[PDB]
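Protein chains in written order, with the entry's author numbering: chain C, 52 to 102; chain F, 177 to 264; chain A, 21 to 103, 108 to 286, 290 to 420, 426 to 433; chain B, 40 to 87, 91 to 440.
See below for the structure under consideration.
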Amino acid sequence: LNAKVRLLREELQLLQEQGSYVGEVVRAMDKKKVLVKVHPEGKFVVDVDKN
Amino acid sequence: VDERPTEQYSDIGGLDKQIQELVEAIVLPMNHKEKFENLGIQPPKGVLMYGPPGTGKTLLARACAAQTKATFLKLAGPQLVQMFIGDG
Amino acid sequence: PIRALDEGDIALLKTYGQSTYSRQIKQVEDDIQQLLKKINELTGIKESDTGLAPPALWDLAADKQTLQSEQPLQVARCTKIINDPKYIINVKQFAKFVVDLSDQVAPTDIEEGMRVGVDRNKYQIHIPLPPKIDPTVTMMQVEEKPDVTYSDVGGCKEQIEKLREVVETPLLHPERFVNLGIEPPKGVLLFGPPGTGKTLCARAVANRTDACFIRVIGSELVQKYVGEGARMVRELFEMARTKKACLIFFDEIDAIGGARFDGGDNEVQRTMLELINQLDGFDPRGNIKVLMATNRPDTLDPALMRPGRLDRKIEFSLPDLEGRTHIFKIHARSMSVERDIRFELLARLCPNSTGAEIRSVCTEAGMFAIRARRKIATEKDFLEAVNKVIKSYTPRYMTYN
Amino acid sequence: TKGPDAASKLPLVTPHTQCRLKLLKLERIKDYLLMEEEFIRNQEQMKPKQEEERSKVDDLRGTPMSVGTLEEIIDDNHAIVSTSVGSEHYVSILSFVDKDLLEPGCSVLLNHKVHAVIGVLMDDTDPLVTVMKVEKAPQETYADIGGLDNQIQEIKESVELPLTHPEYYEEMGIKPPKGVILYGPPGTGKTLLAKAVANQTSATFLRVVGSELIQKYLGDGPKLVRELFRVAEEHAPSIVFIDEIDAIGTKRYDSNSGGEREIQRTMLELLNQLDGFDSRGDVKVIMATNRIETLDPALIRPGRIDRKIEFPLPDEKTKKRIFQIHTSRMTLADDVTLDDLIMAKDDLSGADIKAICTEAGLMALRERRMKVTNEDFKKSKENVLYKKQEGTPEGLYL
Ligand SMILES: Nc1ncnc2c1ncn2[C@@H]1O[C@H](COP(=O)(O)OP(=O)(O)OP(=O)(O)O)[C@@H](O)[C@H]1O
Ligand SMILES: Nc1ncnc2c1ncn2[C@@H]1O[C@H](COP(=O)(O)OP(=O)(O)OP(=O)(O)O)[C@@H](O)[C@H]1O
Ligand SMILES: Nc1ncnc2c1ncn2[C@@H]1O[C@H](COP(=O)(O)OP(=O)(O)OP(=O)(O)O)[C@@H](O)[C@H]1O
Ligand SMILES: [Mg+2]
Ligand SMILES: [Mg+2]
Ligand SMILES: [Mg+2]
C-alpha cells in the first residue's frame, strides 16, 4: 500500500513540472552549448544537461 | 497628392471622348452636385480606365489631378497588400 | 529447378575457401572503422567561432554595469501625436499603444512618423532613432567597382554608344540634352542571345558609373511573405531617390517580370506591378536610370516592356566578323600566343558564336597548348579549339562547296 | 579566409586480394589510429589564467542566448537587433564583441533577458546546405573507372589540375575552365567521374541533386542557391556537383504556374550566381544530365559550363576495361573468355557490365560455386540485358 501511495504521489509531483520545449538541433558549438531551433520562436544557443 | 503635378488637357491627344467622359463622370458631379440632383440622374460612383498598356490612362489621371481642385488620393494595387493579416 | 541455399551450404561457402587471413582482415577493417568513429566522437567539437574580441579589447567589468543600468527599448514609429501630449506608437507588429514621452526627451524632438524607442514595460518613448535604412536594400548597392571596362567589350560599338547615351551621357553632361529640349531615356533593356555580353556592359557601366549603382538581386525581391517583395522594391526606389542620379540594374528581369495570368505567381506579379508604377505613373520616378537585362524578352509583361519604363531597347545581336575579330583580340591580349595567328580566320570559322563562345575557344586553345608542354599557343591550337568548341557542339558538308 | 574543409579519407590499401601484405597495411593503419586515440585520450586526462575571463564572459552572457538579426548599427555601443519573431529591439552592444564583424544582416547573439548583443554568429549556415558538404569522401577513385580517359583528362583539367598546378594556366594567361557538364546515356560513368574527383580532390566538395535546390516556399529556392554558393565561396577551393541538373534546368518557357515560374526563378538564380554581376570566385561546378537537349541554353553556354564532356556508351576497349575493373575482385575461372560478351551489338553500358558481373556471381552461387564460369556469364548477360524493347528499325535498309 505504501509503495502504491508513493508511486501516485511521485506521479503527481512530476506532473506539476513544466513541460519542456522541443526543437531541432543545428550543430554543437563548444562541447557545452548547442544551437537549437524551437518551433514558433527563433534559434537559441542552449547549454547541455550533465547526463 | 501635395506636389500637384502639372499636366494640361492639351497634353493629352487622341482621347477627346474619353477625357470628356472622365471629366463629366469624376469632375462634373463633384463641383456641381445640386444640378445633378435637380435632374435626378445618379452620377456613376467610379471610373475604371481600361485599355492596352501605354494608352494614356495614368496620363488622364494626372491631368484630372492637375486640373481639379479636388484632393487627389493616389495609390497603387501592390501598396494595399501587406503581410500582417487585415493590414490591407 | 533452381534450389535454395541451406544453413550448411552457407557455412561451407563462408568457410570452404579463404579463411587463413580473411577473418583477420575483415575484423581489422571493422575495428578500424570503429576507431575512426571513436576518434571523431572524442574530438567531435570544431569549436564554432563567436565574435569575441581580443582579451585586452574588452577587459571590462563595467559591461555588467551598463547591462544592469541600460534597458532594451522596442523600436516603434509614432503614427500620430495627440494634444499633456499623447503619442500613438505602432510597435511594428506587437500592437498599437498610446504612450507619453519620458522626462529624458523633449516633446519637440519627437515628430509624427519618426521611429522611436519605447521601454518594454510601460511603452514610454525614451529616445528617437534614425529612419530605417533597410539592410538588404543597402547591401544591394555596389560600392565596389568591378574591374571590367568598356575596352573589354568588343563588337558592340553601337550598343555601347546607346547604353552610354542612356545611363552615362545624361548624367555627366545634362547640358547637351537640356539645350535641345531632349529628355534622355531613363531605362535600357539589354535583350540578346545568352553569352553575348549584356552583363559585361552592365559591369562596365558600374565601373565608370561615377554615381550610385544598385544591382537588384532577383532573389531578395521575391520574398516568402506576402507583400514583402513590393516593400523591398519600394525601399530600393526610395533609396535611389534619396541619392543623386542613381543607376538600378534589374539583372535577369524575366525572373520576376513574367506575363500576368489568371493562383500562379501572384506575389511575384504584385512585386512586378509595384516596380511598374515606380518606374512610370504618378509620382515621377526622378533621376533613376533603370538598366534591365534578359536573354528571353518575350516572357516580359507588356507593361514592363512599354517604352515608358524601358525607353531604349538595345539588341545584343551575335557579333559580326569585325566584332568577332575584336573580341578575339580582347580575350587573347593576355594569352601567350604566337605572332602569326590569323584572328580573321578564327573569326570566320565561328559563324554564329557569341563572345562567351569566343572566350571558351581562347581558353580551349590555351589548354591545348598546356597539354603538350608548350608555353606558346600556335594557330593550330586555336583551330583545334574552334573544332572542339563550335564544330563539336562531313556528309552534310559534302553537298556544300 | 576559411580555407578548404576537405573531406577526410584514410589511405588506400593496394593488395586488395586478401594477402598478408594487406593485413600488414591494415594493421599499420590501425596502429596509427590507436596511436592517435591514446594520445588524445591521455591529453585531457594527463592534462592537470583565461578561466577567469571565460567565466566572466559566460556569466555576463547567460543562457540560453537568442540568435537574432542585426538590422543597423546606431552607435559604437548600441544597435537595433530584430528578434526571430520580427520584433526589433534597441539593445546595447557589450564590449566583448569585435565590432569589425558586426555588419547589417549578420546573425547576432543576444542575451535572453536584456537582449544586449553578446556575440556574432559566424557560420549560421542553412542546415539544408551544410548537409550537402561532403565529409566522408567516396572510396571510388580514378582506377575504379574503365576508360573514359579523354573525359578524365578534361575533368582533371577543369577541376583537379588548376588547384595542383596553377602555374601552367597563370603563365598561359588563360583562366582554367570553371564549369563542366557531364551528359550522356544512363549508366555511362557520369556520377562515377564525380565520385572519383571528390575522392582525389583536396577542395571542399558540395553535392546537390537538382531537386533539393527547390523549396516549397516561394523565396526559399533562390535563397538556398545563394546560400550554397556562398558556402562554397567561403571555402575558397570548392567543387559544386549538381547531378540531375535537368530537374531544374529545363528550357525556360512562358509557364502559367507559380510552380514552374518558381523553378525557373531558381534556375535564374543559379545562372546568375554562376556567371553574372560579380565574379564567381574559385568555385567549380560539375553537372550531370542524361538529357542535355532539354537544358536552358543560358545554363550550358560557355562561361558557365565551359566543357561539355560527352559520356558515350562504352566501346570494345572501354567495355573490356569495365569487365577487368568489375571482375578483379571476382575469382574467375580459366575458361571465362569475356570477349564473347564484350562484343555485344552496340548497347552495353557500365551498369550492365557490372550487373552482368553481379548476376554471374549470383548464378555461380546458385550452383554452389564461388568461381564463375563462361556459362554463368552468358546466362547473366541474357538475363540482365533485357532493358530495351525494340529500339531498332525493320529490314528496310540494305
Ligand atoms: N493619348 C495620349 N496623350 C498624351 N500622352 C499620351 C497618350 N497616350 C500615351 N501618352 C504618353 O505615353 C505614356 C503613356 O503611359 P501613361 O503614363 O499615360 O500610363 P498608362 O497609359 O496607364 O500606362 P500603363 O498601362 O503602363 O499604366 C505617358 O508618358 C503619356 O504621356
Ligand atoms: N561582346 C563581348 N566581348 C567580350 N567578351 C564578351 C562579350 N560577350 C561576352 N563576353 C565574355 O563572356 C563573359 C560572360 O558574358 P556575359 O555574362 O556578359 O553574357 P550575357 O549575354 O550577359 O549572358 P546572359 O544573357 O545569359 O545573362 C564576359 O564576362 C566576357 O568575358
Ligand atoms: N565506365 C565505367 N567504369 C567503371 N564502372 C562503371 C562505369 N560506368 C558505370 N560503372 C559502374 O556502374 C555504376 C553506374 O554508373 P554511374 O553511377 O556513373 O551512372 P550515371 O552515368 O550517373 O547514370 P545516371 O544517369 O543513371 O545517373 C557506377 O557507379 C559504377 O559502379
Ligand atoms: Mg497606370
Ligand atoms: Mg547576365
Ligand atoms: Mg548520375
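Quick reminder that beta carbons are idealized off the backbone N, C-alpha and C, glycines included.
Proximity test, residue i beta-carbon vs ligand 5 heavy atom, cut-off 7 Å
| i | result |
| --- | --- |
| F/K233 | no |
| A/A320 | yes |
| B/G318 | yes |
| B/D100 | no |
Short CB-CB distance (under 8 Å) between residue i and chain C
| i | result |
| --- | --- |
| B/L102 | no |
| A/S68 | yes |
| B/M174 | no |
| A/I65 | yes |
Cβ-based burial, residue i [other Cβ within 10 Å; buried from 16]
| i | result |
| --- | --- |
| A/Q38 | exposed |
| F/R180 | exposed |
| A/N433 | exposed |
| F/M225 | exposed |
| C/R78 | exposed |
| B/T379 | exposed |
| C/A54 | exposed |
| B/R349 | buried |
| B/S297 | buried |
CB contact check: residue i to chain B, cutoff 8 Å
| i | result |
| --- | --- |
| A/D275 | yes |
| C/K94 | yes |
| C/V77 | yes |
| C/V73 | no |
| C/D81 | no |
Residue i beta carbon near ligand 6 (any heavy atom closer than 7 Å)
| i | result |
| --- | --- |
| B/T336 | no |
| B/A330 | yes |
| B/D186 | no |
beta-carbon residue i near ligand 1 non-hydrogen atom, thresh 7 Å
| i | result |
| --- | --- |
| F/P229 | yes |
| A/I303 | yes |
| A/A330 | yes |
| A/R333 | yes |
Alpha-carbon to alpha-carbon, residue j and residue i
| i | j | result |
| --- | --- | --- |
| A/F285 | A/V317 | 25 Å |
| B/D394 | B/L383 | 11 Å |
| F/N207 | F/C240 | 13 Å |
| A/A283 | B/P204 | 43 Å |
| B/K64 | A/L56 | 16 Å |
| A/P218 | A/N293 | 27 Å |
| B/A240 | B/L170 | 20 Å |
| B/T360 | B/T233 | 17 Å |
| A/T173 | B/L270 | 30 Å |
| B/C58 | A/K46 | 12 Å |
| B/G345 | B/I334 | 17 Å |
| B/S134 | A/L77 | 17 Å |
| B/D142 | C/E92 | 28 Å |
| B/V426 | B/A386 | 13 Å |
| B/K326 | B/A236 | 12 Å |
| A/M332 | B/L255 | 30 Å |
Ligand 8 heavy atom lying under 7 Å from the CB of residue i
| i | result |
| --- | --- |
| B/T233 | Summarising the ligand content, the structure contains ligand 1, ligand 2, ligand 3, ligand 4, ligand 5 and ligand 6 and does not contain ligand 8. |
Any non-hydrogen atom of ligand 2 closer than 7 Å to residue i Cβ
| i | result |
| --- | --- |
| A/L224 | yes |
| A/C180 | yes |
For residue i, the residue or residues it bridges with in DSSP
| i | result |
| --- | --- |
| A/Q94 | A/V142 and B/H131 |
| B/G221 | B/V327 |
| B/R349 | B/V222 |
| A/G253 | Beta-bridge pairing links A/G253 to no other residue. |
| B/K175 | B/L248 |
| A/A404 | A/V364 |
| A/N114 | A/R97 and A/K120 |
| B/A121 | B/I115 and B/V133 |
Residue i: CB within 7 Å of a non-hydrogen atom of ligand 4
| i | result |
| --- | --- |
| F/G222 | no |
is_contact[residue i, chain A] using C-beta, thresh 8 Å
| i | result |
| --- | --- |
| C/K101 | no |
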